[PDB]
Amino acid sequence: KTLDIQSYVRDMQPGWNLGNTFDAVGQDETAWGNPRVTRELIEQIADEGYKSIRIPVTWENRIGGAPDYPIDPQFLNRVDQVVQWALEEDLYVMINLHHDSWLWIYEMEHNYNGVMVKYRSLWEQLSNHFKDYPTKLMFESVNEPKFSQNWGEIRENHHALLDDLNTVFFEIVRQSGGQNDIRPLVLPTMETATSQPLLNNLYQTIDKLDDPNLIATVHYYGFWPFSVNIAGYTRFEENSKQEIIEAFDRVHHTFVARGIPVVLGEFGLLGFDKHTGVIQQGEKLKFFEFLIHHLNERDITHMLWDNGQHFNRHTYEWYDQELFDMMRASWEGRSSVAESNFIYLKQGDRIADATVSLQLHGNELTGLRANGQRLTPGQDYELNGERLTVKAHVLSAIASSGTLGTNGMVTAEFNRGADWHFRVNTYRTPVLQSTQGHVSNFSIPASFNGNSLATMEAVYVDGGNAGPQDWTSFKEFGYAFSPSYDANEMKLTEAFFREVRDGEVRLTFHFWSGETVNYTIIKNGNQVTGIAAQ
């Protein structure tokens, strides 16, 4: 019968990626540290409220040679089993060719027929294998296509190559029998990026194919500097907000408003490829709240990129319940947020009233708790417009001990959406110590003293920015440096030193409390002298 492609895509909301699994580059799907897929994982993801699952698959390393490129039947049966489990749990399912994109498909520019033969063979095999599967199984032509080994090197000829890949995929699937005459097909922009020319090119391809069951796909990992924590973008601010609005306005105008539905096939923050701790927690939450709201406004179905770091695949729970709670709330509507998820108290100072700005997002404050205890309006706190004041005696009750670090929590409750949690932290000025070391393993002894590090600047004392990405003084969190809180050390990485010339560099460590600490390093070959502020 007829299929309503817009309703189909709407019914997928929200989605989840089985990341770093069948897409892993290796003998099998455990190559990147995830376990073999259990039925329970799929059940649990469905129970959390996900309505669709993307199962990215890298076929390279599980296929024979030319000319037929036979897919390993054992590998295919394992992929198949997971597809079936998902369908049994009433999920929509998307499969693709994944890291094949940069393992070999990218060669197409100087190997047209060679790539085409291999690509055709794979999609002929998959389309045939899955032809009688329910149409809740959809096919995606290729992940993040590009035709250079590098990102951001899209040339004019590349667009034509991607049109051809998308088109041959369409032709193969549509004429392969079973339900494949109507099965929804997912087609990407170049690099799954959102610039207007790339959206236009995908539109041209979709328009040409003259088919009612096509879905456009893009990916999104945040405004780059915020997403990796570089260049001073420690807060979710106007640049990150405007990129989302502008990008998804383009997507909506070009596709959704013209009747072509859009699946955001992957989203997250790029810096999570390091770890989730590289983005300040409150700012991370506000990114997800804002993004998902604006996707909802534009009818865009989204699928979380989860490489194993969000849903714990061994215990079937979220590593970060706060993040999940925010996402789950965002599926339904907006949550109120605040300038920060913390209130800092200087150890030794008289504790005063803390006033913080809320962004209510159309909700009302219903209550406040201090370590779970209900507070009395007026007596213990005030809300004046969007200015929330937590009274001194409440903070003193939580943190009069003056123990450094997080003493407790003030939780703001709203009539709709997720609670917002203020971590109440006692701090003193952090102290770094002079030291001497080697570029391969350089650690500054550091007393964090209840502080959390936001970012680090590096400049040559003689002038100019030092280290990687020297268009900015603010170095990249994790990549160039890392706080080791348990070890009481500040790590400066070998990658940092690889892009530092011999000489004297001034470091400036910025902490979330507002504390700033300077430090000097002198590099002489592979040897580094650290000198604390005096």
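Sequential numbering from 1, following the sequence displayed.
Q: Would you tell me which stretch averages the higher CA B-factor in the PDB entry, 472 to 480 or 489 to 497?
A: Mean B over CA atoms: larger for 489 to 497.
Q: Which wins on mean Cα temperature factor, 168 to 176 or 213 to 221?
A: Between 168 to 176 and 213 to 221, it is 168 to 176.
Q: So among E191, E107, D419, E156, who wins on Cα B-factor in the entry?
A: Checking the PDB record, the top C-alpha B-factor among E191, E107, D419, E156 is at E156.
Q: Using the entry's values, work out which of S336, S240, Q433, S330 has the largest Cα B factor.
A: It is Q433.
Q: Against its chain's modelled residues, does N341's Cα B factor rank lowest, middle or highest third?
A: Lowest third of the chain for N341's C-alpha B-factor.
Q: In terms of the CA temperature factor given in the entry, to which third of its chain does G362 belong: lowest, middle or highest?
A: Middle third - that is where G362 ends up once the chain's C-alpha B-factors are sorted.
Q: Ordered by C-alpha B-factor within the chain, which third holds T21? Give me lowest, middle or highest, please.
A: As the PDB entry reports it, the C-alpha B-factor of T21 lands in the lowest third of its chain.
Q: Determine, from the deposited record, the chain-internal third of the Cα B-factor for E246: lowest, middle or highest.
A: According to the entry, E246 has a C-alpha B-factor in the chain's middle third.
Q: Based on the entry's values, in what third of the chain does the Cα temperature factor of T58 lie: lowest, middle or highest?
A: For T58, the deposited C-alpha B-factor lands in the lowest third.
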